[PDB]
Each structure stands twice: as structure tokens, then as C-alpha cells.
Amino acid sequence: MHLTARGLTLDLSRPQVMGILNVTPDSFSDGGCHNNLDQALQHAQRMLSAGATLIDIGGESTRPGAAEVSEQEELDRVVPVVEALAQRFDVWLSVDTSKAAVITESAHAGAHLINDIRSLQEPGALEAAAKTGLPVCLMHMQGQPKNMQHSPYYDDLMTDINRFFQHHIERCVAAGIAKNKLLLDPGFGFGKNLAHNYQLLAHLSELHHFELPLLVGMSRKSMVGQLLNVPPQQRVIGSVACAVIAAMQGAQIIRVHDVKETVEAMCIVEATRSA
């Protein structure tokens, strides 16, 4: 069936591509590329043209060792982009933020989905998200962006992810967010070494037991970089291969920098799965 927000629907029986729109100076792969409004809008339209059905707007880099972004600065980066896109296009608008104020003002500006790598743990974020009535993506992470890659360790990775998701779904529900408004992301690269990342990719389909949509983000990350020994821009193929492996296991939403390639890949996946 379908995920819904504000009269929009999203077909969960086919892989959907979420296009990354970073509005920061220091995002790990494309910082300073889409920093001004006109450039952001052209990039969004390019991604829409290439077949993305969601645009993920993020004004805070959460790469390992990332700097803090002030509340007002994040607002200034994100909200005018949400507003301008909401007025122009028929598409899901996701906001990659952890701040209560950005959640609320983005909702006010016409956003459809709260993509929070911190699973609504920041002060006021859970209450802010609940009041919007919008779907929320919860992401697994060990540590914070400042220390997550300092020796990641698990007795059993999948058990830990399951426990984390169980705990945070309960927390969202008790706050008044209906379970069917939730998405789960196991958080590739977030407190996970290379082995952990590929273990997780190998076992991804096990997460369907929650009966919630899965969103995954592997695009151009170190889990590809470390294997191919190439810079972020040259990780398109590796990233597409990861997306194909994830989608073959029924991951519903794929978060990527390179929309055209991923969409083409997803066509081949859909034709394979429907056969």
C-alpha cells in the first residue's frame, strides 16, 4: 500500500528514490554546491526530472566530527528552501533535522516528512514532531556525530538495532505519533565500522518484522569509499550497487545523491522482483 502526508501518497510496493538536497557549506560529499536558493531549486528540479519522489532537505552536516549549527542558521538554510519547493512542485519534502524549531517551521512551510538521524531525542523535538502530525523517520546511531566512529562495537548488531527501534517506536507512540506514521533507518555509517555496515546490508530484510517502511542511506559513504579507495564523487557505482542490494531485500526508500543512476537501477530491480 501507501505512506501518506497531507493528501500525498507514496507507493511502498516499489522502491522510491529520495534525492539529497544539502543546504550547508560542509556536507561530506557536496558542501557548498547547493548553498543559495536558486541553485538549490535547480538541483531539486534536476532530481525530480531524474525520477526522485522525495527531496530531503538538510542544513546540518552530521558526518563524523561535524560542527554544531545554530538554531537560527539551520532555519535560514532550510525553511526558505522548503517554502520555495512546496510552492513549485508536487513531491514529498523531507527535512533532515533534529531541532524542534526546524521541525515546526518546516511543517509550517509545507514539509511532509521529518527525517531525524537523532530519533527526536533533542529537547522539544518529540513534542514538536507529534504536533505536526507528519510521518517521522527514526535512525539507529551509536554515539553522537562527534564520537560515533571512535571504536564502534556490538555484541550483536541486529539485536541492538531491533532494541533501539523498539524503544523509540514506543516513545513516539506514547507521545501520540501513530505507529503507521513511522519509518525506520538502520543508519549506515553512524557508529558502525566497515564490517558492521556490510553485516547490516547483508541482513537488512530482517528489519521488515516491525512492519514499517525502511529508509536507507548509503550514498557515497565511507562504506563504499573504503572498498574502492576513491573520492566521494567517484562512488556512484558502488553506491548504486548498495542501493540494488538494499532494494532487492525490499527497502522501500533509498536516500541518494545520484538520483538518475539510482532510478535506472531501481527499474531493473522492480522488473526482477515483479517476475
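Residues carry their position along the shown sequence, with the first being 1.
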- Task: For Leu200, record whether it is unmodelled in at least a third of the other compared entries of this protein.
- Result: no
- Does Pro64, which is modelled here, drop out in at least a third of the other compared PDB entries? yes
- Note on the structure: Of 252-260 and 8-16, the stretch with the higher mean C-alpha B-factor in the deposited entry is 8-16
- Stretch with the higher entry mean CA B-factor, where the candidates are 240-248 and 36-44: 36-44
- Query: Which of these, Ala107, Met139, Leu201, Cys172, has its C-alpha atom at the highest B-factor, as the entry lists it?
  - Reply: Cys172
- Task: Would you mind checking which of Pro135, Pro186, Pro145, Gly189 has the top Cα temperature factor in the PDB entry?
- Result: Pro145
- Item | Chain-relative CA temperature factor third for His196 | lowest
- Item | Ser27 CA temperature factor, ranked by third within the chain | highest
- The third of the chain into which the C-alpha temperature factor of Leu207 falls is the middle
- So, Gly51's CA B-factor, relative to its chain, sits in which third? The lowest
- Considering only modelled residues of the same chain, in which third does the CA B-factor of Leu157 rank: lowest, middle or highest? lowest
